[PDB]
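K.L.:
Before we start, here is the structure in question, set down as structure tokens.
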């Protein structure tokens, strides 16, 4: 329930199908323009496969 990039309480809670944690969209955007990797599995590219946790 805390981000795998930096552990911040998210403003845009976001998941990637490989890592399966919940990170902040903004902190993933940093990591995924750095290397593209998922923060845990290091699978190249993340945001092109993003699951944003909408309030709906």
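In the entry's author numbering, the protein residues as written are 1 to 56.
Yeah, the Cβ is synthetic: ideal placement off N, Cα and C, and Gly gets one too.
Find the nearest neighbour of residue 56 within the set 43, 13, 38 and 45, judged by alpha-carbon distance.
P.N.:
That would be 13, whose Cα lies nearest to the Cα of residue 56.
K.L.:
Work out the CA separation of residue 34 and residue 27 for me, nearest whole Å.
P.N.:
If I take the Cα positions, the gap works out to 11 Å.
K.L.:
Curious, which full-length alpha helix (DSSP H) runs of at least 4 residues does the segment 21-46 contain?
P.N.:
The segment 21-46 contains these whole alpha helix (DSSP H) runs: 25-34.
K.L.:
For residue 6, does the count of other Cβ atoms within 10 angstroms reach 16, so buried, or fall short, so exposed?
P.N.:
By the neighbour-count rule (16 or more Cβ atoms within 10 Å), residue 6 is not buried but exposed.
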